[PDB]
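Visitor: what's the 3D shape of this:
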Amino acid sequence: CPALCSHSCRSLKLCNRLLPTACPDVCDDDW
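Guide: Numbering: from 1, shown residues only. Take a look at the structure below.
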């Protein structure tokens, strides 16, 4: 997962859509 995205854990709900294979490290708490 892009470090720019990883720092934006809130955005990760959206980021994980634009980065599905790139960011599987999506915050389970926000999910």
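Visitor: work out which residue lies at the spatial centre of the protein.
Guide: Nearest to the geometric centre of the chain sits residue 12, at 3.2 Å (CA atoms, centre = their mean).
Visitor: is that residue in contact with residue 24, as I believe?
Guide: No. The criterion here is CB atoms under 8 Å, and residue 12 misses it with residue 24 at 10.5 Å. In short, each C-beta sits where N, CA and C put it, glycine included.
Visitor: OK, contacts around the residue nearest to the centre of the chain?
Guide: Neighbour list for residue 12: 5, 23, 26, 27, 30 [criterion: CB atoms under 8 Å, 6 or more residues apart in numbering].
Visitor: ok, 6 Å please
Guide: Shown in contact with residue 12 (CB atoms under 6 Å, 6 or more residues apart in numbering): 26, 27.
Visitor: show me how far the top helix by length along the chain is from its chain's centre.
Guide: When the chain is parsed with DSSP state H, its longest helix is helix 12-18. Relative to its chain's centre, helix 12-18 lies at 5 Å (CA atoms, centre = their mean, to the nearest Å).
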